[PDB]
Amino acid sequence: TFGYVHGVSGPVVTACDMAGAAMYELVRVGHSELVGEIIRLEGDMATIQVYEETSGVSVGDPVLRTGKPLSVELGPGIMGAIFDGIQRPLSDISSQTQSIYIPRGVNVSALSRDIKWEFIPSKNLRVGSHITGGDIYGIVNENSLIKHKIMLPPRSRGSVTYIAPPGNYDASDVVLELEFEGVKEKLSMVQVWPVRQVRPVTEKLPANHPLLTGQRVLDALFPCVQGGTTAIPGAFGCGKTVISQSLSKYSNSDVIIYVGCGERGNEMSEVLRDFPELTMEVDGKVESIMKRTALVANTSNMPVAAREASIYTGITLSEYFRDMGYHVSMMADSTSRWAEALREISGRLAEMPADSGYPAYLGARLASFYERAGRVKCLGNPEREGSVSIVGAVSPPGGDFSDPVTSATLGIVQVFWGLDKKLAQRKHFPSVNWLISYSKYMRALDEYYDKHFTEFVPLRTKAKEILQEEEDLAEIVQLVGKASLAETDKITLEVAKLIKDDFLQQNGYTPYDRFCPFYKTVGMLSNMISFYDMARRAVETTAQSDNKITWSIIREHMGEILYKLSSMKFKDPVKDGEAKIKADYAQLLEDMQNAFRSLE
Amino acid sequence: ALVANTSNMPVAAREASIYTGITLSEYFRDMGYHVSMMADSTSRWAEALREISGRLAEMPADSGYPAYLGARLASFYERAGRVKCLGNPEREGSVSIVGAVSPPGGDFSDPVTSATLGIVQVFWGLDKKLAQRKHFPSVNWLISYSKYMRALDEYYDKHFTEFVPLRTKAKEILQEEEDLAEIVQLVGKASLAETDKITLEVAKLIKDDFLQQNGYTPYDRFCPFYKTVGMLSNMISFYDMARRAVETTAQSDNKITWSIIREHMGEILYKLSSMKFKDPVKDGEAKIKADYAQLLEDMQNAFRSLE
Amino acid sequence: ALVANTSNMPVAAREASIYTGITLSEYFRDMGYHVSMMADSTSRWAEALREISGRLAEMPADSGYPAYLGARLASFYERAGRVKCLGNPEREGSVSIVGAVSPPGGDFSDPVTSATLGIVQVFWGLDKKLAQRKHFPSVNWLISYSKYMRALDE
Amino acid sequence: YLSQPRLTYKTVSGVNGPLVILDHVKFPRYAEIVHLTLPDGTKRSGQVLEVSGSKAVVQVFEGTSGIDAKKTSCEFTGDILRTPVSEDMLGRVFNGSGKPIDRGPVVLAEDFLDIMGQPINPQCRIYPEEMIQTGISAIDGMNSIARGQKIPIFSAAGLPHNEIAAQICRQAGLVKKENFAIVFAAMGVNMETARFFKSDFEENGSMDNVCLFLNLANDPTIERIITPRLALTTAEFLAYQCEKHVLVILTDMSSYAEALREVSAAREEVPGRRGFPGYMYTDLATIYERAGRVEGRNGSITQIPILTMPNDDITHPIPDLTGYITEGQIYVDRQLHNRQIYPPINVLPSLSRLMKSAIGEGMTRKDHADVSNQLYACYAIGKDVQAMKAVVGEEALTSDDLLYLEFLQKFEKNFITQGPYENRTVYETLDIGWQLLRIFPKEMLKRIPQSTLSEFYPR
Amino acid sequence: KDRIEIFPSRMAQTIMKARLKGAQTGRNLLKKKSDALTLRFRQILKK
Amino acid sequence: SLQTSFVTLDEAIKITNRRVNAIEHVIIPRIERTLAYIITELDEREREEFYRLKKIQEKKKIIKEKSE
């Protein structure tokens with residue numbers, strides 16, 4: 001399984017006596033076991049691209065051939081760990097060496113083999129039974145939140161010949177043995193899957209269930225769906241933290257994966273420092289977010305292969321848990337950094353560049369990356385279902401949208417949560433642009449909304465009309481000063497302000513506004529629009545002659561009602577239950593309609 | 001006769017097609033006939049040369065094209081020309097070449113358009129922004145030129161005489177309108193003199209009624225020369241009379257502004273625009289010339305009543 | 001004592017002309033004399049380097065120039081300055097170098113202009129608009145600089 | 001037929017990108033197909049793109065990841081990719097490799113046709129002289145579709161070009177006042193787009209006359225440049241051997257061009273613009289020109305090769321070279337879509353080369369050509385007036401300018417705006433044309449002769 | 001028309017970028033002139 | 001002096017705003033289109049240089065192999 005180094009021209013190492021090797025196989029070059037891949041082959045010689053520095057590699061050094069291509073090691077212990085882009089545990093490398101550096105040629109197993117996991121068989125299988133790929137034959141108890149279901153690796157099947165009894169096993173033991181056509185396969189709790197291959201599913205289903213983030217904006221006006229794909233701008237002042245924390249903390253997904261692609265060292269530190277400090281209430285207990293999270297960390301000075309592979313390692317980990325029946329939400333901190341890594345490799349290989357210097361296949365790689373997301377029917381007899389969502393961010397040089405990476409991304413993702421910096425400067429959070437943002441899942445969710453909430457859909461339509469009209473009126477107001485302006489337009493302007501102030505704006509540093517349940521979001525919007533409609537009628541039905549109602553009359557007449565509408569965001573779901581908050585909102589509507597009644 | 005080597009046919013055959021075509025043309029030239037061959041592509045031929053040069057692993061020149069691209073185009077176009085033929089019978093013939101070029105994006109910067117313009121003596125540039133307006137033929141008329149104007153001046157004097165000063169005045173009007181359009185976009189037609197507004201509207205008259213024609217109609221499918229110069233004479237005669245009308249009154253006790261002549265002579269402006277709808281096959285030269293003569297008289301009489 | 005080399009001379013002599021000139025300059029520098037060396041053009045030198053780099057079929061850099069263009073210009077430009085000479089007499093001479101970058105334009109992306117600017121301490125840029133207006137000497141005096149201010153303040 | 005056993009080789013010389021180079025091959029044939037098995041049993045296929053002596057260069061469709069150098073086993077079929085075709089392919093769903101994905105059987109061939117096809121003899125090609133009624137006024141009036149025409153829709157990411165194509169599939173008829181077999185090549189698209197069309201075809205109740213070829217975003221990029229040829233090869237069988245009228249729709253052709261560009265870079269071919277091969281035009285012609293009627297046979301192929309314009313750049317090589325090959329384009333844009341106008345078809349930069357033959361006496365109505373040309377003039381001028389008024393202000397405009405703004409505003413909401421299920425006839429479209437043209441006095445309708453205005457304008 | 005029609009070059013980039021900066025500066029200075037005239041106009045209007 | 005100093009202000013504003021609008025709607029868009037055109041065409045020239053240099057390096061490699 002060894003060959004020899006024939007020569008080094010830089011980061012590219014030529015091997016000889018390496019006839020038995022496949023393209024994009026893995027090699028460990030030299031006495032330090034440098035990680036690299038085989039790209040070009042000719043005769044019994046192979047051209048190796050080495051990820052790390054090749055200084056010190058000699059002619060005649062050994063090359064160890066590893067049969068598996070670039071792959072992710074999947075099994076118990078994946079949760080709570082931080083990985084390199086090529087699946088190297090950073091929390092073990094820093095703790096097994098007492099160093100601050102990642103050793104050159106470091107070789108730490110992705111999943112430690114010194115942990116004795118609590119494994120319980122499915123108790124449904126027997127020796128002699130038939131098992132197929134994707135089947136679950138036992139569960140490992142990792143923590144209080146996520147059960148780690150042990151699946152038969154894809155592309156394997158047969159009759160079960162041995163089942164381990166319940167007990168404490170590590171990742172190097174044998175848990176299940178199966179025989180197919182006389183060939184016996186001994187399986188541990190760990191499976192390996194090539195990172196560039198898509199894990200098969202029974203069928204790919206439409207995405208219909210909303211992604212229940214805690215923000216009123218980026219939900220009511222611009223829905224995302226479990227299994228859907230969106231894009232988030234990444235600029236210093238855009239306030240992207242709000243989405244990252246809200247999505248990872250309060251989402252209705254089961255597993256969070258955060259993927260770095262190649263960011264500034266200090267930015268990776270902020271993410272690695274923040275995440276371990278995040279908690280959420282679960283069964284009444286406050287639990288660490290890292291018990292249901294996995295994180296992949298890559299800084300700009302990491303090997304380019306890892307920065308390019310990081311995005312595929314992340315989604316491979318996501319699919320692994322998807323196949324368990326979990327809903328997984330993966331965030332790519334910057335897909336622009338990934339695209340930069342991809343262009344660097346294309347340049348290093350002297351490939352013909354295309355648009356703005358990027359590889360010709362940039363678009364194909366992004367399209368095939370995002371296509372891997374979605375709600376699926378899983379493999380295996382348990383007939384379970386799950387999904388992968390992607391909320392990958394874009395940060396093109398200059399902030400422009402002409403960069404092929406952002407332009408291609410926007411043509412692929414179905415939701416765009418356009419953020420802005422001006423809003424942040426005005427201290428308006430979350431910093432959502434509104435006019436640029438869009439969601440193409442609105443039709444997919446119409447069945448969910450009709451079934452569970454009924455009035456939500458016409459309300460969000462009216463809300464967009466009111467907000468858009470406020471923008472449309474901007475030129476008239478600037479040139480007029482609200483003097484030569486219709487009273488019906490004054491209602492739109494002031495109500496749109498109410499929406500912008502006490503609905504779309506959300507203050508995550510307050511205990512009552514940490515998470516806004518959907519029923520509260522639609523409750524608040526219903527009463528605000530119901531007021532809008534009543535105010536429009538109050539003016540229009542009396543605007544003929546003699547005695548007419550104006551906005552100044554409405555505002556002065558029922559100022560307490562306009563205040564009560566603004567006060568609605570303070571209804572803390574932790575102390576005031578669903579029935580109490582709905583009851584208070586129902587009373588507000590009645591008080592509101594009755595206040596208008598006195599005007600007619 | 002025609003040669004077909006369509007886009008989805010072997011790319012190498014595109015070179016043979018061009019050379020077969022011109023060789024056929026020369027053959028008939030030698031017999032005392034005037035040949036006017038046209039290859040509707042050129043760029044597709046140069047494209048074939050690029051694809052072959054690539055397969056040959058040759059060193060490319062500008063934008064991937066072979067260094068000898070210019071050599072092939074020069075030797076192709078120079079086979080055109082009026083000649084005295086070989087042969088005791090003393091024949092006289094010609095081959096004209098009217099070759100299309102397909103610049104990508106409409107940008108006249110590619111090696112094929114650039115090399116072609118250095119070879120051909122008449123440049124019929126087309127403007128995509130005129131075609132979008134269905135202003136056909138989409139001739140730019142600002143960047144086009146013909147280097148045979150001086151050669152034909154003798155011909156025109158022999159048969160027409162009036163054509164050449166009309167050609168000159170028409171170009172001056174169109175160029176003046178362009179010079180004004182550049183600033184009018186910014187001013188808003190506020191600082192225009194009455195003499196300039198006449199230029200702008202007569203230039204429109206020329207553009208809409210003279211420079212464009214619908215080649216898929218019984219009347220514009222063919223435009224006999226006598227009709228082109230006839231209706232141009234009327235359009236220029238209007239320009240000179242309308243410009244005189246204001247030039248002789250601007251300093252008087254009533255200036256004939258465009259709005260006065262426009263309302264007073266609106267029927268003349270419609271008649272001038274109708275001059276295209278003459279159907280030369282149904283109504284022959286005698287009726288068309290008499291009709292144009294009547295429009296000139298109608299203009300002169302309306303001007304006498306105006307000024 | 002001048003060194004004469006025209007555009008129709010061999011490319012190697014076009015390259016070597018600068019080296020011959022500065023060799024004579026240092027020679028007299030070591031006598032304790034103050035030497036002032038004026039070049040007619042260093043863009044022609046860079047052109048010679050581009051021509052030879054091509055002929056040798058070595059990998060070029062920007063606009064066809066050799067990647068080491070900056071090294072050749074630095075080698076020439078750094079052979080100057082007030083020195084304490086070798087030899088018993090303790091004499092001190094100097095070489096001043098005045099380069100000359102022929103401008104394809106006012107864009108300092110020009111490989112020769114850029115490499116020169118990173119080395120030379122004084123840059124007397126000549127404005128195109130002042131030349132067109134026949135304002136002589138034509139100096140932009142907003143894009144020019146001299147890095148010897150503090151040295152001359154004494 | 002080929003009776004000689006095929007040879008199998010384990011002589012792979014080397015692998016460079018997507019190209020597997022074999023040596024020791026007996027009499028290599030150019031553009032022949034090779035079937036190869038990987039050490040793990042995976043089967044893949046590729047085509048010989050170069051032969052020299054005993055060497056041959058095979059481009060592998062599925063990819064070259066996992067291809068060995070010593071254990072790889074390859075066999076040469078001995079012919080070009082000739083594919084099985086049969087009449088009963090209608091109602092089947094295939095992948096981009098030509099294999100079924102609808103849980104039905106493989107194709108039980110009536111013959112084997114060369115995927116590369118053959119050029120149709122221009123002397124037997126018959127010029128199209130029949131109009132298709134798309135039901136969309138923006139098309140039937142000002143940019144008519146002929147049967148045998150090639151008309152792509154130039155679009156942009158996010159625009160409803162999939163809905164327009166779907167609409168056309170259901171309400172495409174004749175103006176002779178007819179069941180088209182649809183062959184739909186869904187390449188470089190996501191699941192939802194392919195499912196959208198698949199569902200619509202069943203919703204229309206026409207699935208028994210629809211043949212699908214799917215190649216999704218997560219499928220190999222090399223198969224994406226044969227999928228159109230598979231669709232067209234079937235269309236050619238149906239149209240020219242079984243005299244069935246076929247409508248062939250190729251989804252975002254830009255995924256074809258991008259797949260081709262990747263191949264061009266891999267083979268180090270001479271680039272033209274934006275990195276695309278200098279022969280991109282010739283390759284596109286091989287795809288596009290498989291259309292039109294043939295004299296003496298009652299079939300036809302009509303194409304709608306919709307494409308996405310990168311960054312809305314109409315001069316991008318993809319729409320540019322297509323524009324040179326196809327008989328014009330429909331062209332949709334964002335300025336109409338951003339105002340909730342459907343279909344968002346912008347007539348100004350559009351054209352139909354076969355439209356002039358398609359309209360008029362004996363085809364639709366004698367005033368068709370006149371109405372179209374004047375609508376173009378009035379629409380374009382209205383756009384010019386907006387460009388002016390944006391700077392000078394409404395007060396700087398005269399009555400001659402306001403009329404064009406009135407036309408422009410009424411034109412877009414009356415002529416272009418229709419709705420996904422609004423099916424208008426060509427005669428109704430012209431009637432609407434007149435209703436808008438009658439905004440202006442006769443003297444301003446300068447593209448229409450008085451011999452037409454005097455009859456139609458009074459109404 | 002659509003472009004200033006300066007042949008592509010790095011020199012053209014420098015000229016166009018300087019021309020753009022000039023146009024943007026003029027736009028902002030004239031906008032301030034307009035705002036000053038508009039305020040004075042409205043004041044005159046009030047009096 | 002109000003009315004005579006007022007309509008002159010309305011005329012001055014209309015002239016100033018018209019010039020500002022032209023800079024915004026005509027002159028700058030035109031400069032931006034020109035600049036974007038230049039940027040694209042320069043990258044196209046960079047590519048054709050890349051192609052030739054790559055082929056030169058490959059031809060040198062072929063010569064070197066023949067020499068061995």
# chains A, B, ... in the order shown; residues from 1 in each chain; ligands from 1
$ closest_atom_pairs --of "chain E" --to "chain B" --cutoff "12 Å" --atoms "only C-alpha atoms" --output "JSON lines"
{"residue": "E:1", "atom": "CA", "partner": "B:182", "partner_atom": "CA", "distance": 8.6}
{"residue": "E:2", "atom": "CA", "partner": "B:129", "partner_atom": "CA", "distance": 10.0}
{"residue": "E:3", "atom": "CA", "partner": "B:107", "partner_atom": "CA", "distance": 11.1}
{"residue": "E:5", "atom": "CA", "partner": "B:107", "partner_atom": "CA", "distance": 10.5}
{"residue": "E:6", "atom": "CA", "partner": "B:109", "partner_atom": "CA", "distance": 11.6}
{"residue": "E:7", "atom": "CA", "partner": "B:109", "partner_atom": "CA", "distance": 9.2}
{"residue": "E:8", "atom": "CA", "partner": "B:109", "partner_atom": "CA", "distance": 10.3}
$ residues_around --residues "stretch 405-407 of chain D" --least-positions-apart "5" --cutoff "10 Å" --atoms "only C-alpha atoms" --output "list in words"
residues 375, 378, 379, 381, 382, 383, 384, 385, 386, 400, 412, 414, 436, 437, 438, 439 and 440 of chain D
$ write_last_selection --atoms "C-alpha atoms" --output "PDB file, in the first residue's frame"
ATOM      1  CA  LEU D 375     -47.362  49.209 -32.210  1.00  0.00           C
ATOM      2  CA  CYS D 378     -45.543  53.770 -30.660  1.00  0.00           C
ATOM      3  CA  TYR D 379     -44.158  51.565 -27.876  1.00  0.00           C
ATOM      4  CA  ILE D 381     -41.340  56.188 -28.804  1.00  0.00           C
ATOM      5  CA  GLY D 382     -43.160  56.022 -25.475  1.00  0.00           C
ATOM      6  CA  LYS D 383     -40.014  54.517 -23.987  1.00  0.00           C
ATOM      7  CA  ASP D 384     -38.006  57.367 -25.519  1.00  0.00           C
ATOM      8  CA  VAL D 385     -40.415  59.895 -24.001  1.00  0.00           C
ATOM      9  CA  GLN D 386     -39.954  58.378 -20.539  1.00  0.00           C
ATOM     10  CA  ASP D 400     -47.507  64.854 -29.009  1.00  0.00           C
ATOM     11  CA  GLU D 412     -48.569  47.241 -21.111  1.00  0.00           C
ATOM     12  CA  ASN D 414     -54.040  45.845 -22.023  1.00  0.00           C
ATOM     13  CA  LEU D 436     -54.578  51.208 -28.480  1.00  0.00           C
ATOM     14  CA  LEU D 437     -53.506  52.640 -31.902  1.00  0.00           C
ATOM     15  CA  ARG D 438     -56.744  54.748 -32.048  1.00  0.00           C
ATOM     16  CA  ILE D 439     -55.259  56.727 -29.111  1.00  0.00           C
ATOM     17  CA  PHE D 440     -53.296  58.676 -31.827  1.00  0.00           C
TER      18      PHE D 440
END
$ residues_around --residues "residue F:19" --least-positions-apart "2" --cutoff "8 Å" --atoms "only C-alpha atoms" --output "list in words"
residues 186 and 187 of chain B; 391 of chain D; 15, 16, 17, 21, 22 and 23 of chain F
$ select_by_dssp --residues "stretch 159-263 of chain D" --states "strand (DSSP E or B)" --output "PyMOL selection string"
chain D and resi 173-174+181-189+210-216+245-250
$ write_last_selection --atoms "N, CA, C and O atoms" --output "compact mmCIF listing (two decimals), in the first residue's frame"
# COMPACT_ATOMS: atom_id res chain seq x y z
N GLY D 173 -52.06 26.43 -30.18
CA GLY D 173 -52.87 25.85 -31.24
C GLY D 173 -52.57 26.44 -32.60
O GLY D 173 -51.43 26.79 -32.90
N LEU D 174 -53.59 26.55 -33.44
CA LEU D 174 -53.45 27.08 -34.79
C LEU D 174 -54.35 28.30 -34.97
O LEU D 174 -55.32 28.47 -34.23
N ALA D 181 -46.92 16.84 -30.06
CA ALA D 181 -46.15 15.97 -29.18
C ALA D 181 -44.97 16.74 -28.60
O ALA D 181 -44.11 17.23 -29.33
N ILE D 182 -44.93 16.86 -27.27
CA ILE D 182 -43.96 17.69 -26.58
C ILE D 182 -42.80 16.82 -26.11
O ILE D 182 -43.01 15.79 -25.48
N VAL D 183 -41.58 17.25 -26.42
CA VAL D 183 -40.36 16.61 -25.95
C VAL D 183 -39.60 17.64 -25.14
O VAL D 183 -39.13 18.65 -25.68
N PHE D 184 -39.46 17.39 -23.84
CA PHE D 184 -39.04 18.42 -22.90
C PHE D 184 -37.71 18.01 -22.27
O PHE D 184 -37.65 17.02 -21.53
N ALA D 185 -36.66 18.78 -22.53
CA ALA D 185 -35.34 18.47 -22.02
C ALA D 185 -35.08 19.33 -20.79
O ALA D 185 -34.75 20.51 -20.93
N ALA D 186 -35.23 18.75 -19.61
CA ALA D 186 -35.06 19.48 -18.36
C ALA D 186 -33.65 19.26 -17.83
O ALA D 186 -33.38 18.26 -17.15
N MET D 187 -32.76 20.19 -18.13
CA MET D 187 -31.34 20.01 -17.87
C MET D 187 -30.83 21.19 -17.05
O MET D 187 -31.16 22.34 -17.32
N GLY D 188 -30.04 20.87 -16.02
CA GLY D 188 -29.42 21.88 -15.20
C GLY D 188 -30.38 22.61 -14.29
O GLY D 188 -30.17 23.79 -13.97
N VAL D 189 -31.44 21.94 -13.87
CA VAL D 189 -32.51 22.55 -13.08
C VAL D 189 -32.63 21.80 -11.77
O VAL D 189 -32.10 20.70 -11.62
N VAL D 210 -46.30 13.49 -23.97
CA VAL D 210 -45.11 14.20 -23.52
C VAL D 210 -43.98 13.23 -23.18
O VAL D 210 -44.17 12.24 -22.45
N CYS D 211 -42.80 13.51 -23.71
CA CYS D 211 -41.58 12.74 -23.44
C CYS D 211 -40.65 13.68 -22.68
O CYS D 211 -40.32 14.77 -23.16
N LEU D 212 -40.22 13.26 -21.50
CA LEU D 212 -39.32 14.06 -20.68
C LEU D 212 -37.93 13.46 -20.65
O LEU D 212 -37.76 12.24 -20.63
N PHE D 213 -36.92 14.33 -20.66
CA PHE D 213 -35.53 13.98 -20.38
C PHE D 213 -35.06 14.86 -19.24
O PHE D 213 -35.02 16.08 -19.37
N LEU D 214 -34.70 14.25 -18.12
CA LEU D 214 -34.30 15.00 -16.94
C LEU D 214 -32.81 14.85 -16.70
O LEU D 214 -32.26 13.75 -16.81
N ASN D 215 -32.16 15.97 -16.39
CA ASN D 215 -30.77 15.99 -15.94
C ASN D 215 -30.66 17.13 -14.94
O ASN D 215 -30.54 18.30 -15.33
N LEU D 216 -30.71 16.79 -13.65
CA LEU D 216 -30.90 17.79 -12.62
C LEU D 216 -29.57 18.40 -12.20
O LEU D 216 -28.49 17.92 -12.57
N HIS D 245 -46.32 16.11 -35.43
CA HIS D 245 -45.86 17.45 -35.13
C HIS D 245 -45.34 17.52 -33.70
O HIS D 245 -46.06 17.18 -32.76
N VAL D 246 -44.09 17.94 -33.54
CA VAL D 246 -43.39 17.87 -32.27
C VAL D 246 -43.02 19.28 -31.84
O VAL D 246 -42.59 20.09 -32.66
N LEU D 247 -43.18 19.56 -30.55
CA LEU D 247 -42.72 20.80 -29.93
C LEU D 247 -41.60 20.44 -28.96
O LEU D 247 -41.81 19.70 -28.00
N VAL D 248 -40.41 20.97 -29.22
CA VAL D 248 -39.25 20.63 -28.39
C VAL D 248 -38.84 21.84 -27.58
O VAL D 248 -38.54 22.91 -28.12
N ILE D 249 -38.80 21.68 -26.26
CA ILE D 249 -38.46 22.75 -25.34
C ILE D 249 -37.18 22.33 -24.63
O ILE D 249 -37.12 21.26 -24.01
N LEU D 250 -36.15 23.15 -24.71
CA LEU D 250 -34.89 22.87 -24.03
C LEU D 250 -34.76 23.88 -22.90
O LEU D 250 -34.75 25.09 -23.13
$ closest_atom_pairs --of "chain E" --to "chain C" --cutoff "8 Å" --atoms "only C-alpha atoms" --output "tab-separated table"
residue	atom	partner	partner_atom	distance
E:10	CA	C:107	CA	7.0
E:11	CA	C:107	CA	5.4
E:14	CA	C:107	CA	6.3
$ residues_around --residues "residue B:118" --least-positions-apart "4" --cutoff "12 Å" --atoms "only C-alpha atoms" --output "ChimeraX atom specification"
/B:70-71,73-74,77,111-114,122-123
$ select_by_dssp --residues "stretch 145-276 of chain B" --states "alpha helix (DSSP H)" --output "CSV table (one decimal) with C-alpha atoms, in the first residue's frame"
chain,number,residue,atom,x,y,z
B,149,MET,CA,-18.8,59.1,-53.9
B,150,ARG,CA,-16.1,60.9,-55.9
B,151,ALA,CA,-16.0,58.0,-58.5
B,152,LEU,CA,-19.8,58.3,-59.1
B,153,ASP,CA,-20.0,62.1,-59.1
B,154,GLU,CA,-19.4,62.0,-62.9
B,155,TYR,CA,-22.1,59.5,-63.4
B,156,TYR,CA,-24.6,61.5,-61.3
B,157,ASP,CA,-23.9,64.7,-63.2
B,158,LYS,CA,-24.4,62.9,-66.5
B,159,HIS,CA,-27.8,61.5,-65.7
B,163,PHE,CA,-28.8,64.4,-56.9
B,164,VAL,CA,-25.4,65.4,-55.7
B,165,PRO,CA,-26.3,68.8,-54.0
B,166,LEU,CA,-29.3,67.0,-52.5
B,167,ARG,CA,-27.1,64.3,-51.1
B,168,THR,CA,-24.8,66.9,-49.5
B,169,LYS,CA,-27.7,68.9,-48.0
B,170,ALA,CA,-29.3,65.7,-46.6
B,171,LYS,CA,-26.1,64.7,-44.9
B,172,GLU,CA,-25.7,68.1,-43.4
B,173,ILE,CA,-29.2,68.0,-42.0
B,174,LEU,CA,-28.8,64.6,-40.4
B,175,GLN,CA,-25.4,65.5,-39.0
B,176,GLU,CA,-26.7,68.8,-37.6
B,177,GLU,CA,-29.6,66.9,-35.9
B,178,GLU,CA,-27.1,64.6,-34.2
B,179,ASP,CA,-25.0,67.6,-33.1
B,180,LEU,CA,-28.2,69.0,-31.6
B,181,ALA,CA,-29.5,65.8,-30.1
B,182,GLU,CA,-26.5,65.5,-27.9
B,183,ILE,CA,-27.3,68.8,-26.1
B,184,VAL,CA,-31.1,68.7,-26.5
B,185,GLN,CA,-31.2,65.6,-24.2
B,186,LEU,CA,-29.8,67.8,-21.5
B,187,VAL,CA,-31.5,71.1,-22.2
B,194,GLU,CA,-36.5,78.4,-34.6
B,195,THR,CA,-33.9,77.6,-37.3
B,196,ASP,CA,-32.7,74.6,-35.3
B,197,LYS,CA,-36.2,73.3,-34.6
B,198,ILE,CA,-36.8,73.2,-38.3
B,199,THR,CA,-33.6,71.1,-38.7
B,200,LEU,CA,-34.7,68.7,-36.0
B,201,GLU,CA,-38.2,68.1,-37.4
B,202,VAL,CA,-37.1,67.9,-41.1
B,203,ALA,CA,-34.4,65.5,-39.9
B,204,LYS,CA,-37.2,63.4,-38.4
B,205,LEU,CA,-39.1,63.7,-41.7
B,206,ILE,CA,-36.0,62.3,-43.5
B,225,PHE,CA,-33.6,55.6,-58.2
B,226,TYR,CA,-35.7,58.2,-59.9
B,227,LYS,CA,-38.2,57.9,-57.0
B,228,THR,CA,-35.5,58.2,-54.3
B,229,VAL,CA,-34.1,61.4,-55.7
B,230,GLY,CA,-37.5,62.8,-56.6
B,231,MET,CA,-38.9,62.5,-53.1
B,232,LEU,CA,-35.6,63.7,-51.6
B,233,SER,CA,-35.7,66.9,-53.8
B,234,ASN,CA,-39.1,67.6,-52.2
B,235,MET,CA,-37.9,67.1,-48.7
B,236,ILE,CA,-34.9,69.3,-49.2
B,237,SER,CA,-37.0,71.9,-51.0
B,238,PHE,CA,-39.2,72.0,-48.0
B,239,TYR,CA,-36.2,72.5,-45.7
B,240,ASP,CA,-34.9,75.4,-47.8
B,241,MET,CA,-38.2,77.1,-48.0
B,242,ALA,CA,-39.1,76.6,-44.4
B,243,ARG,CA,-35.7,77.8,-43.3
B,244,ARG,CA,-36.0,80.8,-45.5
B,245,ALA,CA,-39.5,81.6,-44.1
B,246,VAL,CA,-38.1,82.1,-40.6
B,247,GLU,CA,-34.8,83.6,-41.7
B,258,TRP,CA,-42.2,76.2,-36.3
B,259,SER,CA,-45.7,76.1,-34.6
B,260,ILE,CA,-47.0,78.5,-37.2
B,261,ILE,CA,-45.7,76.7,-40.2
B,262,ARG,CA,-46.6,73.3,-38.6
B,263,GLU,CA,-50.2,74.2,-38.2
B,264,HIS,CA,-50.4,76.2,-41.5
B,266,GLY,CA,-49.9,70.3,-41.8
B,267,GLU,CA,-51.3,68.9,-45.0
B,268,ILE,CA,-47.9,69.4,-46.8
B,269,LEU,CA,-46.1,67.4,-44.0
B,270,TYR,CA,-48.6,64.6,-44.4
B,271,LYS,CA,-48.3,64.6,-48.2
B,272,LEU,CA,-44.4,64.5,-47.9
B,273,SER,CA,-44.7,61.5,-45.6
B,274,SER,CA,-47.0,59.7,-48.0
$ interface_residues --of "chain D" --to "chain B" --cutoff "7 Å" --atoms "only C-alpha atoms" --output "PyMOL selection string"
chain D and resi 119+269-272+278-279+282+285-286+289+315+320+348-349+376-377+380+388+392+396+443
$ interface_residues --of "chain F" --to "chain B" --cutoff "10 Å" --atoms "only C-alpha atoms" --output "ChimeraX atom specification"
/F:15,18-23,25-27,44-45,47-49,51-53,55-56,59
$ residues_around --residues "residue D:421" --least-positions-apart "5" --cutoff "10 Å" --atoms "only C-alpha atoms" --output "PDB file with C-alpha atoms, in the first residue's frame"
ATOM      1  CA  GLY D 135     -52.681  32.611 -27.054  1.00  0.00           C
ATOM      2  CA  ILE D 136     -50.285  35.259 -25.748  1.00  0.00           C
ATOM      3  CA  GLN D 167     -48.492  27.875 -20.491  1.00  0.00           C
ATOM      4  CA  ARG D 170     -51.206  23.742 -23.132  1.00  0.00           C
ATOM      5  CA  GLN D 171     -52.735  26.591 -25.178  1.00  0.00           C
TER       6      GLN D 171
END
